[PDB]
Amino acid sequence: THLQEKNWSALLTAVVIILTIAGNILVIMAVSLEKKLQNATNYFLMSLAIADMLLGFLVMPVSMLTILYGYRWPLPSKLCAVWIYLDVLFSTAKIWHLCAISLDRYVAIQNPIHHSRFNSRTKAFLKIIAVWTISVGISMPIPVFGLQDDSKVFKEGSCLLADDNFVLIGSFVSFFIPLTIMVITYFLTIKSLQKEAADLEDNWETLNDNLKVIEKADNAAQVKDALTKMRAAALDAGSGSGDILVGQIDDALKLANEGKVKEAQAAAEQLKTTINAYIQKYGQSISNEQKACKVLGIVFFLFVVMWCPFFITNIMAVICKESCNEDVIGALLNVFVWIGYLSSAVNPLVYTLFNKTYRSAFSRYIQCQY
């Protein structure tokens, strides 16, 4: 029965490993091939996928091997610190990539021309490298104090974080703080997007009012005034996209400057439909931003929820070092770490479920259609 349980646990963990590897390889392929997904957010998501693939290649199979050997470290003792370091490094890179995505998208939408078509690809790669560097800096104390002292990474022959200060500082620096920052940034982001939609409605109101004023105008001065208001409104409502709409308003304005009232009014009549179409397009862009915000919130929520039992049990075990049952806590950790690895695997499934570009790319990759 003991062998039965360890063999089925190892098999389930192997299923989790293969799902992780396949899904994250597919995500890497989709981001590197599909030209629609060439923004900074998808670059960060591919970095996340690479981190998950490294976690499934370097950490999860060694964890399965540890399971097979009754949780006694089979490899040399110096490799336990390296294993814990790689695990912590990849998980910290994941969580801080999510936090960086949140902050970056928020600060981005805080920019009046952030619907422009000029987004720098190189800067995203630089930010990703900086996040990897700060993750390495966060994780380095674990090898530092683990290669010197074997007691902080070993507990009765098993390989796991044993230092209480290590567990506390790690749980705060790599889990709690980014979680709080992400929650706050998420709510601030929904507020900014609401403000964006409100301003868009305001610009549409201005465009409609002045269109009617143009429809019933006597002289060129009235037409020019209404067109000036319209131009400012349309420029603000483009939010940086760079449209023909302001140029067409400038054409009408030029007509009005020449004292040609009837022709300016005809130009405005033409402008009505163009204005409606472009306003609808701008609101669609805002809605797309909202949908991306919700999808990334789903991803962050899944990661946090699926890792929370492990961190809760770890903090609890550090609090009641001898008051609580350590065997049951050991089993709880041995299950919750794999729950967190399942979180590491789940993300490509979400990308498929809620992103049509990813879904079509994956459907074509499964059938080897490149």
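Residue indices: 1-based, along the sequence shown.
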property	result
Selected stretch [higher average CA B-factor]: 253-261 or 163-171	163-171
Mean Cα B-factor comparison, 229-237 or 93-101, giving the higher one as deposited	93-101
Most elevated Cα B-factor in the entry, residues 135, 210, 119, 185	119
Candidate set 312, 306, 45, 319 [ranked by C-alpha B-factor, highest]	319
Third of the chain, ranked by Cα B-factor, where residue 196 sits	lowest
Residue 151, C-alpha B-factor rank within chain (lowest, middle or highest third)	highest
Ranked C-alpha temperature factor of residue 76 among modelled chain residues, by third	highest
For residue 145, the third of its chain into which the C-alpha B factor falls	highest
Chain thirds of CA B-factor: placement of residue 289	lowest
